[PDB]
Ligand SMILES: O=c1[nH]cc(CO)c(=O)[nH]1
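Just one chain is shown here, as C-alpha cells, and it is the form solved without the named molecule.
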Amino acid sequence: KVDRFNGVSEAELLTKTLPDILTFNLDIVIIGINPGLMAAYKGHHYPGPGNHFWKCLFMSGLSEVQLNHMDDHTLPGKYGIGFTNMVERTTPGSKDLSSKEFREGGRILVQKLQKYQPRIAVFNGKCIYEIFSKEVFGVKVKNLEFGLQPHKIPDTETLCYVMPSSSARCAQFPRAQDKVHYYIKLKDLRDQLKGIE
C-alpha cells in the first residue's frame, strides 16, 4: 500500500477536524468546503500538494512572499485574513458530503459571519455558494457567476465573493495561474473598501 500520511490511517484522519482561524475586524474570511485529508492531518489550512491556495495568495500579491499552511495563524494579524469551512467533517473530496451536511454548515456559517462580520466573505468553491445562496438568500440562478455577489450577509455589511475552488481536483482551472485572476480581483475589492473607509 501507498503511505501518504506518515503511517496515520485514512480512517483516523476522517475523525479529525480543522480549527477555524477567526477574529473580529478582518478584511477577508476564506471559506473552504471542508477539510481534505492533508488539512485534517496537519491541522492547518490548505496544505499541499493538491491545492493552489498558497500559490495564488502569493501570485496575486495578497501576500508579499510565498507562504505555506504553517503560516495560517499569522494571516489575521499580518494580512487581515481568516479561515473557516462550510462543513466541519473531513473527507477526501467535496463529493462525499451530503445535502443535509451542507445545509447544516450554511446555518452555522451565516451565524459565524454575523458574529465576526469580516469586510468580505470569500467562498472558496462555487458549490458551497450554490447551497448558501438558496438557503440564506432564497435565490437560485440559472447561471451562477464567480466574483462579487449582489447579496450581503443578512444584518451585516459583509460582502460575498465567489472563486473556483483552490483544489487542483478541478480540471476547468487546471493551474494556480488559471485561478489567480479571482485572487487579483479579490485584492482590488479589498483595497477599494479600505479606500472609502
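Residues carry their position along the shown sequence, with the first being 1.
Omitted from view is the form deposited with the named molecule bound, to which the following refers.
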Select from the listed residues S167, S133, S60, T158 the one whose heavy atoms reach within 4.5 Å of the named molecule in the deposited complex. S167
Is there any non-hydrogen atom of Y46 lying within 4.5 Å of the named molecule in the deposited complex? yes
Touches the named molecule in the deposited complex: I28 (any heavy atom, 4.5 Å): no
Though only this chain appears here, would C56 touch the named molecule in the deposited complex if you measure heavy atom gaps against 4.5 Å? no
Is there a heavy atom of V162 lying 4.5 Å or less from a heavy atom of the named molecule in the deposited complex? no
Region of this chain that lies against the named molecule in the deposited complex, out of 65-73, 28-36, 148-156, 135-143 [heavy atom, 4.5 Å]: 28-36
